[PDB]
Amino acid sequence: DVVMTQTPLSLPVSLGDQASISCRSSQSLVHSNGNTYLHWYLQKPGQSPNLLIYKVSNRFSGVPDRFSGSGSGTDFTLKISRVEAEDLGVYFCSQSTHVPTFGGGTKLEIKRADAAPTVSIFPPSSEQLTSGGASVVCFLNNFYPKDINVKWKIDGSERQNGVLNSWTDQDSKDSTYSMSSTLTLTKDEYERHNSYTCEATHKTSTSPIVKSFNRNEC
């Protein structure tokens, strides 16, 4: 059972700079027939994998010369020169010399200047309330870096339980991320409190961004 170990797990790089990704195999990938069946694939956000490099160093049709694969035996490298934003995604190595297996992937992240989130809050819709549910939503849009914390307060008190946080992958259009934070309550609990607040801590600011509403004005 041949293990493919990729290094690093995530790689941040500036546009125009070079990225280098390592793939090691636990057994030599030189087949008895002399070929080395070591290949590289790229999976962009929301897409299927696509072939980038086959048999160590061969660029697939449509892949620019910026992408270069090298190595031998058990040690392989993918180098991407002059990184462009659309290069971002997960790079996987694969071997098919033996029973075929895949590396765990390396996520290429594009560096940009720190950008603050645009934060929006929404109360539960009357449609949802009509059904006994109450979700409060905060969208945090177009921020960088990806690390960000959202804290919900109900009548001033933090509520940890019932929160679903979901990040997008990185957008190649502007190298930013967005995330959705949803606090789901029952209508019963929702109607017993008035103040609903989402606070975003991100470091593009010293003080958290706060967005809030009062249920009675809604």
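Don't overthink the numbering: it's just position in the shown sequence, from 1.
Between the stretches 24 to 32 and 39 to 47, it is 39 to 47 that shows the larger average CA temperature factor. Looking at mean Cα B-factors across 121 to 129 and 91 to 99, the upper value is held by 121 to 129. Looking only at 78, 115, 83, 136, the residue with the top Cα B factor in the deposited structure is 115.
In this PDB entry, the Cα temperature factor of residue 214 sits in the middle third of its chain's modelled residues.
When the modelled residues of the chain are ordered by their C-alpha B factor, residue 172 lands in the middle third. Ranked by Cα temperature factor within the chain, residue 106 sits in the lowest third according to the deposited record. When the CA B factors of the chain's modelled residues are split into thirds, the value for residue 52 lands in the middle one. Split the chain's modelled residues into thirds by C-alpha temperature factor. Residue 141 is in the middle one.
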